[PDB]
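> my sequence and its experimental structure, below.
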Amino acid sequence: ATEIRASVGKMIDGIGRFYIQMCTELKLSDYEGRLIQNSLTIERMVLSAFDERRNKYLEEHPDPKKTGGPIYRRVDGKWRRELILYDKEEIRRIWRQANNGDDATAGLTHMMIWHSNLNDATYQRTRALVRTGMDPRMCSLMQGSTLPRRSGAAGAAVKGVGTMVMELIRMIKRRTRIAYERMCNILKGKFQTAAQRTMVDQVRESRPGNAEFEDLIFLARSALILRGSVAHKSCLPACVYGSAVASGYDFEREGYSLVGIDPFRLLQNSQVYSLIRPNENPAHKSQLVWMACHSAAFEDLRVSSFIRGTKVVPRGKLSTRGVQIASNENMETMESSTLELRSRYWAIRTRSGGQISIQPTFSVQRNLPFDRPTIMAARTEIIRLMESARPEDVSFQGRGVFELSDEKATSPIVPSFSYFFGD
Amino acid sequence: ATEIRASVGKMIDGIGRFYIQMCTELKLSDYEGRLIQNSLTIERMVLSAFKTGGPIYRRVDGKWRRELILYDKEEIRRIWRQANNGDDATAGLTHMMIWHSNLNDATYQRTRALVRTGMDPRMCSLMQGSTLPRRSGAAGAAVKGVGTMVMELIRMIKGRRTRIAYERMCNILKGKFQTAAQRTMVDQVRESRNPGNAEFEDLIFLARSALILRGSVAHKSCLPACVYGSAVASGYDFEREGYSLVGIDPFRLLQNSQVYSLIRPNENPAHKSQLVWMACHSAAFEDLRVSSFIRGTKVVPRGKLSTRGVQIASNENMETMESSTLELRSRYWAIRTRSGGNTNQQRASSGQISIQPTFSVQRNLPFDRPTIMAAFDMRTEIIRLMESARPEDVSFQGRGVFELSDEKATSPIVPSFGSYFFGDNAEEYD
Amino acid sequence: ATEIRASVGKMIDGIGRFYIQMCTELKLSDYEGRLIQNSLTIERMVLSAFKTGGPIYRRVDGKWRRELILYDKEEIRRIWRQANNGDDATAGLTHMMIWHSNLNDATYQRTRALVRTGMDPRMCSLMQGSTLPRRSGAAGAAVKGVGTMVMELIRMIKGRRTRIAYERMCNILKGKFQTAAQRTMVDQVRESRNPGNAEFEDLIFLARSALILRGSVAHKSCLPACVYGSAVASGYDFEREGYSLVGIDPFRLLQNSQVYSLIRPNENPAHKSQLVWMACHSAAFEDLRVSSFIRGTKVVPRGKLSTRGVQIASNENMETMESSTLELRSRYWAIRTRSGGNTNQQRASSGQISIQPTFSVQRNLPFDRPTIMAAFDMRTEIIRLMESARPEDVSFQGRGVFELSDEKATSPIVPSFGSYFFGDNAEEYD
Ligand SMILES: COc1ccccc1-c1noc(C)c1C(=O)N1CCN(c2ccc([N+](=O)[O-])cc2Cl)CC1
Ligand SMILES: COc1ccccc1-c1noc(C)c1C(=O)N1CCN(c2ccc([N+](=O)[O-])cc2Cl)CC1
């Protein structure tokens, strides 16, 4: 729909306008405005100013009116770091004015999903997994685990199965009954098999101990094979949108999507910068940000490499640390470098997780192939299903990548043939 | 060095300010201002001013539209001076001229101009700055190839200010030749009263010699004004940082720049990119091997490029025009040279031009025929000198390409090895 | 065009009828009649008639048997005339001769014949139709290469009907040369009274010139009689459809034909196929690059072919002979030309023969040495003309190959590029 495309374009324009004004207030250069470290701080300032939970607390426990973070300028051939303090009310004022008077929570949530996609690409969260009571190897089900509980509509769709499992277990271990039933429906709406979905209803209609806890732990384990419906959104740093709005792109009129070609197109026409530590490889910094930009942290490295063009190395062999720079780090040795965020191909982001056999005619040495899942499928059932599926079963049949010039999904390109957090 | 960087950084800063000022006057978006076609028209207007106009392209209602607006030359002349802190600033003007010249050198073969002058059309590589006007700047004089100089001199041969202009050009050409013998011939052309056919025949001889005993011709990375303007707008100070046309600066600038181009239906945007990349680094007549190595992707001959010229004529319809990012970046960088390579010295040789059979095995027995047979007044001295030279001889010893992070050129990469851009045509397969 | 197609279609139709008639007389099966060895003997008999015989091969009891039968020349002569609707039909006879000539041109190097005539044995490419008799047909005269003509003329030099035959041959040779200078030399050889050593030395000079300033020699796709006979039998009317030796017709005929050959123990049937394919399209002295491209598979040099001649001598035993399909089809087709390529005009040049260094990088600096150095009565005029020519120069501009469904040659494919068939031997690696 043009309307869905226009309303999505409305919020990006809103982010864009806000970032522009924010950059002029801080008197940042266009290059400095496009430094991702500044973008993060600026993005962090808005979210802090609308953090109602924190703001209510600070009124109750008395500078609470001001919010800050590190900002980076190039002064006398060197990168300087500075802590800037800015009034929260004015930040909210700028946000509203940029979003045409509205408090647009969708735009804020959009910047939260971006930070979440960045965290998943940067850090493995094993410490949180063990403390809750689940396997540290369940990390591929942990998309959106750094997001808040009441995060909004888009935030709910982005969250993984294990994320929902962790949130529920923490409640079971601990008005709020309505939230428990609401969160169960979110979890249930992501399981594709009827066997998994029915098990959720048992854990939902209960007033919960070991048995319910063990159900969620089992249901999470099953999601490693019988995967859930997790939405994937391309959410870019605010500087990307700010720069495009500044250069004359109208996201409202042109429309926009987060699962289409649009973000790939935009990054092809973007130049984002990052600060780099003495012994870091810029190509690996670029890989990290690229993966975050498209929510590809838990993706197969081969399909990510095919889309990207260059090799997508796993995290353990990646010669870089996080994008953010700690307060104790020496700025005298900091250099700025371009982030290569382009791609050779593009592909649609998924919310998902004739002849069937062959009759031999010739007497030759070969395997005799057959589509097993379609032929064969014609608590107990969960184990029965998990045993059936094979690592070499094909999914998304017929679907492929596209050339950048192919604006519509006309001619797909199917590749011929993997863990980012591998041992 | 610091002083050269200062003045160079000053003129680019001027071109920058002018372009920003020019982009606001026309109410162009940032993207539109960074369309190469818009940049070329703006560059044209200020050169034509020293009424003026040309095509300006906008993105109207999802489609590219063409409008040819006009400006008073006086108003443009005022804008240029005032963007260049008062000064008339002729240097920045010839800088935009050399950029146009480099683009012409990459786009068009000028064989029709060569035959009229009685010159061999296979002298491409001698023709840098041939579309550049006679009596250009000093920067224009340095950039002009031997053949350009020869051509301009023949047009003279074919009011005694004609005499000094003839002698200045002889001196410009003389300063480019790297052997004494070639220089002595130019003196003989210069010292001549009432120049005619003898001097014409001498100049053609000198041009042929310059294909083997190559002359010193300057090479300057000169970019479209939008690249400079975009940099100034975004917070780069060329006066504080300085600038160089032959060092790393232009390579680094392009790496931090994004330029667009209008593309025709049957055109490959990568091939359009190669052409403008070549133009940007004055690389039309370079070895394709070295251009390819530096760029990181193959630099293909002119005849195998699915692209026409950058400019779009008023004849063709805009309804089918689309826009594309120009890929103008590089894997490595390399210093732009004034040198034509080794021409003399002949300090020994050191090499192997034949084999001695060790094994009783059937095969041919290779040897370098032209070199071995070669050993068996100022005109014949040149002949003997260019007969000694071999295509195999290595110039620029010890020099190499550099990583884009190697700002000070500390660590040269020497490459281990399709050479002629204008070699692949319907008449010749070179 | 229609008239040429009519008469050509008539003679092939005649050869066809003759072969069918000849195949019934010998009680050969269709397969056996389409064995190339059987076709060659039948073709031989009718040429020898104008007693005659030769080997005829049959499939007896699971094995190939050889029998040499005889026929009265008068009876064969009667069969030929009566298959050609009364007429003596000499044209169809020289057509079978040119086919034999083309096969000989592909099979044998005739260096022993060249040395006796005082000619350089490296003149292969000049020797089309050398095994063709002196005083062949007009079609035979057109097909003969420059070297063949030179060789035949020297044999004359080494009863005043000798005078006119000498002058006819000088005119045949003159009509083949494409430059005035070469033609003027032939006049000087012709106008000579009592020809001797001066004319011999002139003819060798003219032959050498024809390796660079190539002459106009005709090329005609001439197929074994079984191909024509098989087509007539199967319902093709060459008189109604017409026929062409230089257009698409023979390529299309071969595509709808299946010919067989006897193969020796150590022979590769694909290599046997290449040889007969080359012969069929008069391609012995073509560039292997163009032959390969047209055929669709690699056309390998003579010395790398694991095959002997097509004919099987009476010496060798039949017990080890097997039979194989000859692959005579093609990926594309192309018009057979009379032209020797560009020899003059010299309208400019347009190209690049050197580079100008842009980057300070270590490398050799390529240049076209022979071309650059080249610029530094009728005999020397030829020397100067062939000194100007380059191996790189492109002939047949705008012309290309065609798909087999492109009957009218509407859409030429120009190819983007091992050249000499007789280049790979024990004495030379060309
Ligand atoms: C079709 O061009 C335009 C289209 C729209 C606006 C300006 C131009 C334009 N005006 O001048 C030039 C030059 C232009 C150009 O070619 N651009 C700029 C915009 N680009 C882009 C494309 C898609 C997305 N997205 O998010 O889907 C984001 C972006 Cl930034 C594509 C490249
Ligand atoms: C050290 O960075 C800076 C350095 C100077 C100014 C701004 C920045 C800067 N401020 O914010 C970010 C982000 C920046 C950045 O990283 N840049 C911008 C300038 N760049 C550049 C480098 C060299 C040439 N030249 O022509 O030699 C041209 C250019 Cl455009 C290099 C990349």
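Ah, there it is. Numbers count the residues shown, from 1 in each chain, chains lettered A, B, ... in the order given. Ligands and ions are numbered 1, 2, ... in the order given.
> ok, the residue located most distally from the centre of chain A to residue A:315 distance?
Residue farthest from the centre of chain A, counting by CA atoms, centre = their mean, is residue A:363 at 50.7 Å. Going from residue A:363 to residue A:315 by CB to CB, to the nearest Å gives 49 Å. For the C-beta atoms, the positions are set from N, CA and C on the backbone; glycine is no exception.
> quick one, what contacts the closest residue to ligand 1 within the stretch 1-150 of chain A?
For the stretch 1-150 of chain A, the residue closest to ligand 1 is residue A:12, as judged by CB to the nearest ligand atom, at 8.2 Å. By CB atoms under 8 Å, 6 or more residues apart in numbering or on different chains, the contact set of residue A:12 is A:107, A:110, A:241, A:251, A:256.
> the helix or strand where the third one lies vs ligand 2: in contact?
Put plainly, it is residue A:241. Residue A:241 is part of helix A:238-247, with elements assigned from DSSP states H and E. No: applying CB under 6 Å from any ligand atom, one finds helix A:238-247 separated from ligand 2 by no less than 9.8 Å.
> so which residues of the stretch 201-350 of chain A form helices?
Here the stretch 201-350 of chain A has its helices, by DSSP state H, counting those that start in this stretch, at A:210-222, A:238-247, A:251-254, A:262-268, A:282-293, A:301-308.
> hey, C-alpha coordinates of the last one in CSV?
Just to be clear, that refers to helix A:301-308. What follows is helix A:301-308, C-alpha atoms only, in CSV (Å, rounded to 0.1, in the frame of the first residue of the first chain):
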residue,chain,number,x,y,z
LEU,A,301,27.0,-16.0,7.3
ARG,A,302,27.0,-17.4,3.7
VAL,A,303,23.7,-15.7,2.7
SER,A,304,24.9,-12.4,4.3
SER,A,305,28.2,-12.7,2.4
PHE,A,306,26.4,-13.4,-0.9
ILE,A,307,24.2,-10.3,-0.4
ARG,A,308,27.0,-8.1,0.8
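> quick check: angle from that helix to helix A:282-293?
100 degrees (axes from the mean of the first three to the mean of the last three CA atoms, to 10 degrees).
> quick one on the thing from earlier: can you tell which of the helices of the stretch 201-350 of chain A is closest to residue A:45?
The closest of the helices of the stretch 201-350 of chain A to residue A:45 is helix A:238-247. By CB to CB, the value is 10.5 Å.
> residue contacts, the closest residue to residue A:412 other than its chain neighbours?
Counting by CB to CB, 6 or more residues apart in numbering or on different chains, residue A:400 is the residue found nearest to residue A:412 once chain neighbours are left out, at 3.3 Å. By CB under 8 Å, 6+ apart, residue A:400 lies in contact with A:347, A:412-415.
> cool, residue A:113 as well?
Applying CB under 8 Å, 6+ apart, the residues near residue A:113 are A:144, A:147, A:154-155, A:158, A:233, A:235.
> gap between the closest residue to it other than its chain neighbours and residue B:305?
What sits nearest to residue A:113 in space, not counting adjacent residues and going by CB to CB, 6+ apart, is residue A:235, at 4.6 Å. Applying CB to CB, the value for residue A:235 to residue B:305 is 39 Å.
> which single residue in the stretch 201-350 of chain A comes nearest to chain B?
residue A:248 (2.8 Å; CB to the nearest CB).
> and that residue, how many neighbours?
Residue A:248 has 13 neighbouring residues, counting by other CB atoms under 10 Å in any protein chain shown.
> and the residue nearest the centre of chain A, backbone torsions?
With distances taken as CA atoms, centre = their mean, the residue of chain A nearest its centroid is residue A:117 (3.0 Å). Main-chain dihedrals, residue A:117, degrees, to the nearest 10: phi -60, psi -30.
> which parts of chain A sit against chain B?
A:29-32, A:246-249, A:268-269, A:271, A:338 (CB under 8 Å from any CB of the partner chain).
> are any of the residues you listed buried, and if so which?
A:29-32, A:246-247, A:249, A:269, A:271, A:338 (16 or more other CB atoms under 10 Å in any protein chain shown).
> ok, which of those residues also contact ligand 1?
A:249, A:269.
> just the closest of the buried ones among the residues of chain A next to chain B to ligand 2, please.
Using CB to the nearest ligand atom, those come closest to ligand 2 at residue A:31, 3.1 Å.
> pretty sure the closest one is in a strand, no?
No: using DSSP: H, G, I helix; E, B strand; the rest coil, the assignment for residue A:31 is helix, not a strand.
> OK, contacts around it?
A:74, A:273, B:234-236.
> what lies in contact with stretch A:354-370?
A:371, A:374-375.
> can I get it as CSV, trimmed to CA atoms?
Provided in CSV are the C-alpha atoms of stretch A:354-370 (Å, rounded to 0.1, in the frame of the first residue of the first chain):
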residue,chain,number,x,y,z
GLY,A,354,4.1,-30.1,-8.7
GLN,A,355,6.6,-33.0,-8.7
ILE,A,356,7.7,-34.1,-5.2
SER,A,357,9.8,-37.2,-5.9
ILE,A,358,11.9,-38.7,-8.8
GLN,A,359,11.5,-42.0,-10.6
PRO,A,360,14.9,-43.3,-11.9
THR,A,361,15.2,-44.1,-15.7
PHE,A,362,18.9,-44.5,-16.0
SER,A,363,21.3,-46.9,-14.2
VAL,A,364,23.8,-44.3,-12.8
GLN,A,365,25.4,-43.7,-9.4
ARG,A,366,23.5,-40.9,-7.6
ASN,A,367,21.2,-39.9,-4.8
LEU,A,368,17.5,-40.2,-5.5
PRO,A,369,16.0,-36.9,-4.1
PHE,A,370,12.6,-36.2,-2.7
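> quick check: residues of the stretch 251-400 of chain A near ligand 1?
A:254, A:256, A:262, A:265-266, A:269.
> buried subset of those residues as a PyMOL selection?
In PyMOL syntax, the buried subset of these is picked out as below (16+ other CB under 10 Å):
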select buried, chain A and resi 254+256+262+266+269
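> what sits closest to residue A:36 if chain neighbours are left out?
Using CB to CB, 6+ apart, the nearest residue to residue A:36 is residue A:274, at 4.9 Å.
> circling back to that earlier point, mind checking the SS state of the residue of the stretch 1-150 of chain A closest to ligand 1?
helix.
> in the stretch 51-200 of chain A, which spans are helices?
With DSSP H, counting those that start in this stretch as the criterion, the stretch 51-200 of chain A has helices spanning A:52-60, A:88-98, A:105-122, A:126-132, A:153-158, A:161-173, A:176-188, A:194-204.
> could you list the buried residues of stretch A:377-385?
A:382, A:385.
> swap that for stretch A:268-281, sorry
Quick answer for stretch A:268-281 (16+ other CB under 10 Å): A:269-276, A:280.
> contacts for that stretch, please.
Taking CB under 8 Å, 6+ apart as the rule, stretch A:268-281 contacts A:31, A:34-37, A:39, A:72, A:79, A:236-237, A:239-240, A:243-244, A:282, A:285, A:289, A:319-321, A:323, A:325, A:329, A:333-339, A:341-343, A:404, B:31, B:256, B:258, B:325.
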